[PDB]
>>> print(open('protein27.pdb').read())   # PDB, C-alpha atoms (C1' of nucleotides)
ATOM      1  CA  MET A   1     111.315 110.298  66.401
ATOM      2  CA  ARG A   2     107.726 109.032  66.588
ATOM      3  CA  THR A   3     106.049 107.240  69.487
ATOM      4  CA  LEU A   4     104.872 103.967  67.934
ATOM      5  CA  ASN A   5     102.062 102.505  70.052
ATOM      6  CA  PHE A   6     101.462  98.835  69.213
ATOM      7  CA  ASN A   7      98.019  97.849  70.505
ATOM      8  CA  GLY A   8      96.650  94.432  69.746
ATOM      9  CA  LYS A   9      95.647  90.940  70.752
ATOM     10  CA  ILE A  10      97.669  87.851  71.627
ATOM     11  CA  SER A  11      95.759  84.650  70.892
ATOM     12  CA  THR A  12      97.153  81.702  72.832
ATOM     13  CA  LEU A  13      98.007  78.782  70.560
ATOM     14  CA  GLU A  14      99.148  76.649  73.501
ATOM     15  CA  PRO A  15      98.448  77.569  77.142
ATOM     16  CA  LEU A  16     100.331  80.624  78.415
ATOM     17  CA  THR A  17     101.814  80.130  81.897
ATOM     18  CA  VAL A  18     104.372  81.918  84.064
ATOM     19  CA  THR A  19     105.891  81.177  87.473
ATOM     20  CA  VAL A  20     106.074  84.191  89.797
ATOM     21  CA  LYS A  21     107.379  83.907  93.342
ATOM     22  CA  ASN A  22     104.549  85.903  94.918
ATOM     23  CA  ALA A  23     101.870  84.312  92.734
ATOM     24  CA  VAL A  24     103.067  80.767  93.472
ATOM     25  CA  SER A  25     102.555  79.607  97.058
ATOM     26  CA  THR A  26     102.388  76.272  98.871
ATOM     27  CA  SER A  27      98.695  76.207  97.926
ATOM     28  CA  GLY A  28      99.798  75.739  94.307
ATOM     29  CA  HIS A  29     101.036  77.497  91.179
ATOM     30  CA  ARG A  30      98.844  80.495  90.328
ATOM     31  CA  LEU A  31      99.255  83.288  87.815
ATOM     32  CA  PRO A  32      99.810  86.841  89.094
ATOM     33  CA  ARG A  33      96.350  88.048  90.061
ATOM     34  CA  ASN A  34      96.553  91.725  91.105
ATOM     35  CA  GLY A  35      94.267  90.988  94.030
ATOM     36  CA  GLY A  36      92.700  87.836  95.426
ATOM     37  CA  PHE A  37      92.132  84.455  93.843
ATOM     38  CA  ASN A  38      88.846  85.711  92.363
ATOM     39  CA  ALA A  39      90.591  88.504  90.447
ATOM     40  CA  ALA A  40      91.429  88.299  86.755
ATOM     41  CA  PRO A  41      95.043  87.152  86.234
ATOM     42  CA  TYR A  42      97.414  88.898  83.854
ATOM     43  CA  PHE A  43     100.471  87.681  82.004
ATOM     44  CA  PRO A  44     103.178  90.066  83.278
ATOM     45  CA  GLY A  45     104.610  92.588  80.869
ATOM     46  CA  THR A  46     107.989  91.742  82.376
ATOM     47  CA  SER A  47     108.043  88.247  80.873
ATOM     48  CA  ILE A  48     107.047  89.554  77.442
ATOM     49  CA  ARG A  49     109.619  92.342  77.744
ATOM     50  CA  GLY A  50     112.346  89.848  78.593
ATOM     51  CA  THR A  51     111.320  87.581  75.726
ATOM     52  CA  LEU A  52     111.386  90.478  73.263
ATOM     53  CA  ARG A  53     114.715  91.686  74.656
ATOM     54  CA  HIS A  54     116.166  88.209  74.167
ATOM     55  CA  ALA A  55     114.760  88.152  70.632
ATOM     56  CA  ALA A  56     116.302  91.564  69.957
ATOM     57  CA  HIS A  57     119.635  90.340  71.316
ATOM     58  CA  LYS A  58     119.454  87.345  68.980
ATOM     59  CA  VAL A  59     118.711  89.702  66.090
ATOM     60  CA  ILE A  60     121.678  91.892  67.026
ATOM     61  CA  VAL A  61     124.091  88.964  67.276
ATOM     62  CA  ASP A  62     122.936  87.539  63.938
ATOM     63  CA  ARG A  63     123.216  90.950  62.262
ATOM     64  CA  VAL A  64     126.719  91.336  63.691
ATOM     65  CA  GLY A  65     127.471  87.677  63.029
ATOM     66  CA  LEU A  66     130.584  85.860  64.179
ATOM     67  CA  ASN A  67     134.248  86.743  63.830
ATOM     68  CA  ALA A  68     136.667  84.996  61.487
ATOM     69  CA  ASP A  69     137.391  82.669  64.432
ATOM     70  CA  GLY A  70     133.769  81.502  64.599
ATOM     71  CA  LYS A  71     133.249  83.137  68.002
ATOM     72  CA  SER A  72     130.732  85.814  68.894
ATOM     73  CA  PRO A  73     132.360  89.279  69.121
ATOM     74  CA  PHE A  74     130.545  89.976  72.402
ATOM     75  CA  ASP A  75     132.288  89.190  75.682
ATOM     76  CA  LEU A  76     130.562  88.612  79.023
ATOM     77  CA  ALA A  77     130.371  92.337  79.796
ATOM     78  CA  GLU A  78     128.857  93.299  76.443
ATOM     79  CA  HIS A  79     126.601  90.244  76.509
ATOM     80  CA  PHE A  80     125.166  91.194  79.898
ATOM     81  CA  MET A  81     124.895  94.832  78.816
ATOM     82  CA  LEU A  82     122.745  93.790  75.871
ATOM     83  CA  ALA A  83     120.777  91.028  77.625
ATOM     84  CA  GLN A  84     120.270  92.027  81.271
ATOM     85  CA  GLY A  85     121.288  95.683  81.057
ATOM     86  CA  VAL A  86     123.612  95.753  84.092
ATOM     87  CA  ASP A  87     127.260  96.814  83.986
ATOM     88  CA  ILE A  88     129.562  94.064  85.260
ATOM     89  CA  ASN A  89     132.948  95.677  84.576
ATOM     90  CA  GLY A  90     131.998  99.081  85.987
ATOM     91  CA  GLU A  91     132.612 100.721  82.586
ATOM     92  CA  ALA A  92     129.445 102.532  81.513
ATOM     93  CA  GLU A  93     128.459 106.083  80.603
ATOM     94  CA  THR A  94     127.181 107.388  83.949
ATOM     95  CA  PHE A  95     125.042 110.220  82.614
ATOM     96  CA  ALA A  96     124.038 113.050  84.916
ATOM     97  CA  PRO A  97     120.775 112.108  86.694
ATOM     98  CA  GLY A  98     119.089 115.442  85.947
ATOM     99  CA  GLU A  99     119.456 115.024  82.164
ATOM    100  CA  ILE A 100     116.314 113.238  80.978
ATOM    101  CA  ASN A 101     117.597 113.335  77.387
ATOM    102  CA  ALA A 102     121.053 111.848  77.834
ATOM    103  CA  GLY A 103     122.762 109.053  75.955
ATOM    104  CA  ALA A 104     121.877 110.204  72.437
ATOM    105  CA  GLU A 105     125.272 108.982  71.243
ATOM    106  CA  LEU A 106     124.858 105.583  72.902
ATOM    107  CA  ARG A 107     121.206 105.466  71.828
ATOM    108  CA  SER A 108     122.201 106.028  68.199
ATOM    109  CA  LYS A 109     125.187 103.676  68.308
ATOM    110  CA  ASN A 110     123.365 100.926  70.252
ATOM    111  CA  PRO A 111     119.692 100.630  69.221
ATOM    112  CA  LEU A 112     119.177  97.575  71.439
ATOM    113  CA  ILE A 113     120.239  99.524  74.520
ATOM    114  CA  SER A 114     118.104 102.411  73.273
ATOM    115  CA  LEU A 115     114.965 100.268  73.027
ATOM    116  CA  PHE A 116     115.671  98.243  76.184
ATOM    117  CA  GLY A 117     117.704 100.437  78.484
TER
ATOM    118  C1'   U B   1     104.434 109.043  87.372
ATOM    119  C1'   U B   2     109.809 110.583  92.955
ATOM    120  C1'   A B   3     113.364 107.352  87.673
ATOM    121  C1'   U B   4     116.483 104.694  84.304
ATOM    122  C1'   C B   5     118.355  98.001  84.415
ATOM    123  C1'   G B   6     115.899  92.190  85.410
ATOM    124  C1'   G B   7     111.414  86.219  80.574
ATOM    125  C1'   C B   8     111.561  82.769  86.522
ATOM    126  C1'   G B   9     112.923  78.678  84.599
ATOM    127  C1'   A B  10     113.761  73.848  83.665
ATOM    128  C1'   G B  11     110.998  66.881  84.319
ATOM    129  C1'   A B  12     107.244  63.834  84.642
ATOM    130  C1'   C B  13     101.857  58.945  80.288
ATOM    131  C1'   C B  14      98.014  58.700  86.165
ATOM    132  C1'   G B  15      97.041  54.142  84.678
ATOM    133  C1'   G B  16      95.273  49.887  85.720
ATOM    134  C1'   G B  17      88.272  45.855  86.173
ATOM    135  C1'   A B  18      83.760  45.315  84.778
ATOM    136  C1'   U B  19      78.071  42.112  79.501
ATOM    137  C1'   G B  20      73.428  45.972  83.072
ATOM    138  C1'   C B  21      70.601  42.357  82.446
ATOM    139  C1'   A B  22      66.709  39.919  83.006
ATOM    140  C1'   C B  23      58.774  39.621  81.191
ATOM    141  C1'   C B  24      55.275  41.055  78.161
ATOM    142  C1'   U B  25      50.784  39.203  71.229
ATOM    143  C1'   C B  26      48.290  45.594  71.308
ATOM    144  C1'   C B  27      44.198  43.756  69.635
ATOM    145  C1'   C B  28      39.390  44.388  69.385
ATOM    146  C1'   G B  29      34.353  46.750  64.382
ATOM    147  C1'   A B  30      33.063  47.448  59.669
ATOM    148  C1'   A B  31      30.518  45.829  51.855
ATOM    149  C1'   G B  32      32.245  52.825  49.738
ATOM    150  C1'   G B  33      28.358  52.286  46.911
ATOM    151  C1'   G B  34      25.124  54.215  42.866
ATOM    152  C1'   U B  35      24.553  56.647  37.687
ATOM    153  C1'   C B  36      24.396  57.525  32.475
ATOM    154  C1'   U B  37      24.531  52.738  23.533
TER
END
>>> encode(input="protein27.pdb", output="structure tokens")
Amino acid sequence: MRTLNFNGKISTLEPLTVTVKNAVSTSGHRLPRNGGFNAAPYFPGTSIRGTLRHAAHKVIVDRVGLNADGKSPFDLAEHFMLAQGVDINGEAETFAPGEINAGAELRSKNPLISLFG
RNA sequence: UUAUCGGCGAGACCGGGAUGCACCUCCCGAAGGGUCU
């Protein structure tokens, strides 16, 4: 139980672009600016978070591997729980909203869900 | 931090034509010399 802060630099080997609905207009494709066109753009943390969540999901599937049938053990519900984080079958541990520290069992049993809620 | 969760993405050759060239003397002036078996 330690807060690991990773601080560091991303050097861009090939240009780093992202399409965002607000950033892109009929004037043309622009990066998110946090202001006007003169402001300094930023690569959203959402895109990096999604990329790292997809990478973590790939790690989890590879660590689990496939069944004897050659099919992934995850169904659509589990797959969306691990990738997008939303319950599709309505079967999820609805913890009390006033319990900041809830889900310790799920957090221990599912480290992907723990990292990316 | 008024909660909890969400990669925006996928495709495209921008290329196709061109002589930069045509004229000019850079020359005009000079002793490097004298000394020692």
>>> axis_aligned_box(input="protein27.pdb", around="region 15-28 of chain A", padding_each_side="8 Å", output="JSON")
{"center_x": 102.9, "center_y": 80.8, "center_z": 88.0, "size_x": 24.9, "size_y": 26.2, "size_z": 37.7}
>>> resolve_selection(input="protein27.pdb", expression="the PyMOL selection byres ((chain A) within 6 of (chain B))", output="ChimeraX atom specification")
/A:19,47,50-51,85-86
>>> atom_distance(input="protein27.pdb", atom1="CA of residue 52 (chain A)", atom2="CA of residue 114 (chain A)")
13.7 Å
>>> resolve_selection(input="protein27.pdb", expression="the PyMOL selection byres ((chain A and resi 74) around 12)", output="ChimeraX atom specification")
/A:57-58,60-62,64-67,70-73,75-83
>>> atom_distance(input="protein27.pdb", atom1="CA of residue 32 (chain A)", atom2="CA of residue 44 (chain A)")
7.5 Å
>>> atom_distance(input="protein27.pdb", atom1="CA of residue 117 (chain A)", atom2="CA of residue 90 (chain A)")
16.2 Å
>>> decode(input="protein27.pdb", residues="region 3-21 of chain A", atoms="N, CA, C and O atoms", output="mmCIF file, in the first residue's frame")
data_model
loop_
_atom_site.group_PDB
_atom_site.id
_atom_site.type_symbol
_atom_site.label_atom_id
_atom_site.label_comp_id
_atom_site.auth_asym_id
_atom_site.auth_seq_id
_atom_site.Cartn_x
_atom_site.Cartn_y
_atom_site.Cartn_z
ATOM 1 N N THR A 3 1.687 4.812 -2.514
ATOM 2 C CA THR A 3 1.292 5.609 -3.673
ATOM 3 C C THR A 3 2.510 5.783 -4.571
ATOM 4 O O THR A 3 3.390 6.598 -4.290
ATOM 5 N N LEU A 4 2.567 5.018 -5.660
ATOM 6 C CA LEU A 4 3.645 5.162 -6.635
ATOM 7 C C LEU A 4 3.300 6.286 -7.605
ATOM 8 O O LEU A 4 2.382 6.148 -8.417
ATOM 9 N N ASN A 5 4.027 7.398 -7.522
ATOM 10 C CA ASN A 5 3.948 8.463 -8.513
ATOM 11 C C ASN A 5 4.995 8.237 -9.598
ATOM 12 O O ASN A 5 6.196 8.268 -9.318
ATOM 13 N N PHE A 6 4.551 8.028 -10.830
ATOM 14 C CA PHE A 6 5.441 7.950 -11.982
ATOM 15 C C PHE A 6 5.448 9.327 -12.632
ATOM 16 O O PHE A 6 4.432 9.759 -13.180
ATOM 17 N N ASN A 7 6.582 10.017 -12.585
ATOM 18 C CA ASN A 7 6.716 11.304 -13.257
ATOM 19 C C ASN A 7 7.816 11.179 -14.293
ATOM 20 O O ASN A 7 8.842 10.558 -14.031
ATOM 21 N N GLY A 8 7.638 11.783 -15.460
ATOM 22 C CA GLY A 8 8.594 11.474 -16.508
ATOM 23 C C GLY A 8 8.235 12.125 -17.818
ATOM 24 O O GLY A 8 7.300 12.924 -17.909
ATOM 25 N N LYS A 9 9.041 11.814 -18.830
ATOM 26 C CA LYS A 9 8.891 12.423 -20.143
ATOM 27 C C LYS A 9 8.598 11.373 -21.204
ATOM 28 O O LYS A 9 9.201 10.293 -21.221
ATOM 29 N N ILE A 10 7.671 11.723 -22.089
ATOM 30 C CA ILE A 10 7.353 10.979 -23.298
ATOM 31 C C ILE A 10 7.981 11.730 -24.465
ATOM 32 O O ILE A 10 7.598 12.867 -24.762
ATOM 33 N N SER A 11 8.972 11.119 -25.104
ATOM 34 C CA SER A 11 9.522 11.614 -26.352
ATOM 35 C C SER A 11 8.795 10.944 -27.510
ATOM 36 O O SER A 11 8.556 9.731 -27.500
ATOM 37 N N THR A 12 8.433 11.748 -28.502
ATOM 38 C CA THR A 12 7.536 11.328 -29.572
ATOM 39 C C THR A 12 8.366 10.802 -30.738
ATOM 40 O O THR A 12 9.008 11.577 -31.451
ATOM 41 N N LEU A 13 8.350 9.484 -30.933
ATOM 42 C CA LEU A 13 9.133 8.900 -32.016
ATOM 43 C C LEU A 13 8.503 9.214 -33.365
ATOM 44 O O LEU A 13 9.207 9.568 -34.316
ATOM 45 N N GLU A 14 7.187 9.071 -33.472
ATOM 46 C CA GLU A 14 6.427 9.528 -34.621
ATOM 47 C C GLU A 14 5.259 10.372 -34.134
ATOM 48 O O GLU A 14 4.728 10.120 -33.049
ATOM 49 N N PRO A 15 4.853 11.387 -34.908
ATOM 50 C CA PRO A 15 3.935 12.414 -34.388
ATOM 51 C C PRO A 15 2.759 11.845 -33.605
ATOM 52 O O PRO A 15 2.191 10.810 -33.956
ATOM 53 N N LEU A 16 2.408 12.539 -32.525
ATOM 54 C CA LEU A 16 1.387 12.110 -31.575
ATOM 55 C C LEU A 16 0.131 12.946 -31.791
ATOM 56 O O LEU A 16 0.115 14.141 -31.475
ATOM 57 N N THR A 17 -0.917 12.323 -32.332
ATOM 58 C CA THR A 17 -2.160 13.010 -32.658
ATOM 59 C C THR A 17 -3.338 12.321 -31.984
ATOM 60 O O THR A 17 -3.280 11.139 -31.638
ATOM 61 N N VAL A 18 -4.415 13.082 -31.803
ATOM 62 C CA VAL A 18 -5.656 12.561 -31.238
ATOM 63 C C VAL A 18 -6.816 13.396 -31.759
ATOM 64 O O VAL A 18 -6.723 14.622 -31.856
ATOM 65 N N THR A 19 -7.911 12.719 -32.091
ATOM 66 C CA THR A 19 -9.137 13.357 -32.552
ATOM 67 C C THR A 19 -10.087 13.496 -31.369
ATOM 68 O O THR A 19 -10.435 12.500 -30.728
ATOM 69 N N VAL A 20 -10.482 14.729 -31.071
ATOM 70 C CA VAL A 20 -11.432 15.018 -30.004
ATOM 71 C C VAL A 20 -12.554 15.856 -30.596
ATOM 72 O O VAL A 20 -12.304 16.784 -31.372
ATOM 73 N N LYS A 21 -13.794 15.522 -30.230
ATOM 74 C CA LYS A 21 -14.945 16.123 -30.896
ATOM 75 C C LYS A 21 -14.967 17.635 -30.715
ATOM 76 O O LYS A 21 -15.232 18.377 -31.668
#
